[PDB]
Amino acid sequence: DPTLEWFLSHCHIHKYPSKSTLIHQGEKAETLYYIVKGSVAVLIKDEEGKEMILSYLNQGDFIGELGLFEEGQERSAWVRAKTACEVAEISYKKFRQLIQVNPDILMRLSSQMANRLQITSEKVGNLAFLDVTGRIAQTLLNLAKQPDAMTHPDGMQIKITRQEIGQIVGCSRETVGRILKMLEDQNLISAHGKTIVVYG
Amino acid sequence: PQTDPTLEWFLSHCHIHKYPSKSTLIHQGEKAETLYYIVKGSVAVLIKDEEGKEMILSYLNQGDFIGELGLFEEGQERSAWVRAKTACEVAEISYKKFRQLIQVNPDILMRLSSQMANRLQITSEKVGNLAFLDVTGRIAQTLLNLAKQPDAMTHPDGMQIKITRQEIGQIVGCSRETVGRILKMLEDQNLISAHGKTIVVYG
Ligand SMILES: Nc1ncnc2c1ncn2[C@@H]1O[C@@H]2COP(=O)(O)O[C@H]2[C@H]1O
Ligand SMILES: Nc1ncnc2c1ncn2[C@@H]1O[C@@H]2COP(=O)(O)O[C@H]2[C@H]1O
Ligand SMILES: [Cl-]
Ligand SMILES: [Cl-]
Ligand SMILES: [Cl-]
């Protein structure tokens, strides 16, 4: 589409190796990014440096957009490359100029911010009233009904690790372990290495 | 609370409607064709968990856009209910008309997008608190957050807020009973005072 091509023609595409930290929470924001190729993780941390993934972002996603609208904004989160990444970069100053020329580019960015807000809002509603057990159970049941869940003699099989469960619900890997054992004993799931079976 | 030429130009293209306290501005799931802007008053943005329990996702106040999430893609449905907390005065404009205003002066889209960005930050922090903080910490953080809403009073011991235990539970994501037990504890810890329907957050 011509809007994205026009936008990219004003950007400088950079290549970063896997595990690069592209954005550090707390730093001064003066640049907008757009993923041309690759995937990243958006993360927040607690005092002990524990973690919760807010989102994965991929090809076609803007990153670092939240500091664009007000002066002196700081990065709201960490963004770390999951794979090697090809990322277009443009100063906020230049981007603001592009918006006056053709605001459709700001409509595209804002469309992504709107979706992100709806997704993050839904996660608040889904997790707020539950304790860690409730959150883990809901998480597994939700994954069991997604298209990539596979058929199993015992029910629906999902691919997920104790670590990434903990990253979704914001708890330790050990707590996940204990809760998965409990869910097995209640005859709701079966856990086998890096896969879980939710009983139907 | 602070308008500017861009906003008054925008408002000159809108119709301002009044909404009594408790009335619904927006119903979740309805087709979105209208953008709102609060001239006066406050609203609550509500969503429900998988058991049908209602949460207060955010309050919005004078100067806030509402109903913007449906503007960017066709056939979008409202993501939440929005109901008046006080009597409100709200400017309305069709998405069709607003898209034309954007072409006339994109600064109005910058104003709207700025709020969307702020909301994402705020909501992201809330999702992090759900995990990083215990229930006590979540209630304590909500009390602070509420001590900074415009409707917050001054007090010789700190900031005095007006909110029901029910409402604290809907913001935090816990039961009214839990809130009661935690406010008592915080009171005994000399961090707050609960004078009936009022709470004083010490500073
Ligand atoms: N809830 C979220 N969902 C998706 N992306 C996010 C979320 N919160 C922050 N980000 C992204 O992470 C970036 C961190 O830097 P910025 O705050 O400039 O811009 C932020 C967004 O691009
Ligand atoms: N997390 C949030 N913070 C503040 N306001 C929100 C949030 N989620 C939804 N809203 C508002 O509630 C509105 C419901 O209708 P829309 O989805 O059109 O637009 C939505 C936003 O204006
Ligand atoms: Cl509606
Ligand atoms: Cl807890
Ligand atoms: Cl009360």
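Below, each value reflects all heavy atoms present in this structure, side chains not excepted, and no hydrogens, waters or symmetry copies. Just so we're on the same page: letters track the sequence lines, and every chain starts at 1. Counting convention: from 1, in listed order, for ligands and their atoms alike.
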Checklist outcome for this item: heavy-atom search around atom 14 (C) of ligand 1 in the protein gives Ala77(A) O, 3.5 Å
Next on the checklist: Among all protein heavy atoms in this structure, tell me which lies nearest to atom 1 (N) of ligand 1, with the distance rounded to 0.1 Å.
Outcome noted: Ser124(B) OG, 2.8 Å
Checklist entry - Can you tell which part of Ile63(A) has a heavy atom less than 4.0 Å from ligand 1: side chain, backbone, both or neither? => result both
Checklist outcome for this item: Looking only at protein heavy atoms, what sits closest to atom 13 (C) of ligand 1 is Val79(A) CG2, 3.9 Å
Next on the checklist: I need the contact type for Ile119(A) against ligand 1. Using non-hydrogen atoms and a strict under-4.0 Å cut-off, is it side chain, backbone, both or neither?
Outcome noted: neither
Next on the checklist: Checking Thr142(B) now: which residues fulfil side-chain contact (heavy atoms from CB on, under 4.5 Å) with it, not counting sequence neighbours?
Outcome noted: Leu146(B), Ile171(B), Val172(B)
Checklist entry - Can you tell me the protein heavy atom closest to atom 18 (O) of ligand 1 and the distance? => result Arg75(A) NH1, 2.9 Å
Checklist entry - Got the closest protein heavy atom to atom 9 (C) of ligand 1, with its distance? => result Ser76(A) OG, 3.6 Å
Next on the checklist: Testing the basics here: between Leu25(B) and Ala84(B), what is the closest heavy-atom pair and its distance to 0.1 Å?
Outcome noted: CD1-N, 3.7 Å
Item to check | Any N or O of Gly67(B) closer than 3.5 Å to N or O of ligand 2 | outcome: yes
Item to check | Shortest heavy-atom approach to atom 3 (N) of ligand 2 - which of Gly29(B), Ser58(B), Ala44(B) | outcome: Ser58(B)
Checklist outcome for this item: Correct closest heavy-atom pair for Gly67(A) and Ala29(A) would be CA-CB, 4.2 Å
Item to check | Distance under 6.0 Å and angle within 45° of ring axis: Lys82(A) vs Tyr56(A) | outcome: no
Next on the checklist: List the residues meeting side-chain contact (heavy atoms from CB on, under 4.5 Å) with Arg181(B), not counting sequence neighbours, and say none if there are none.
Outcome noted: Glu177(B), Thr178(B)
Checklist outcome for this item: If you compare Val45(B), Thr120(A), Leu69(B), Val124(A) by their heavy atoms, the one closest to atom 6 (C) of ligand 2 turns out to be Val45(B)
Next on the checklist: Would the distance check show the side chain of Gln112(A) and the main-chain N or O of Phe62(A) forming a donor-acceptor pair, the cut-off being under 3.5 Å?
Outcome noted: yes
Next on the checklist: Using 30° and 60° as the class boundaries, would you call the ring planes of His13(B) and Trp9(B) parallel, tilted or perpendicular?
Outcome noted: perpendicular
Checklist entry - Which part of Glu65(A) is near ligand 1, with near meaning a heavy atom under 4.0 Å away: side chain, backbone, both or neither? => result both
Item to check | Non-hydrogen atoms of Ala77(A) and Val42(A) that approach each other most closely | outcome: CB-CG1, 3.8 Å
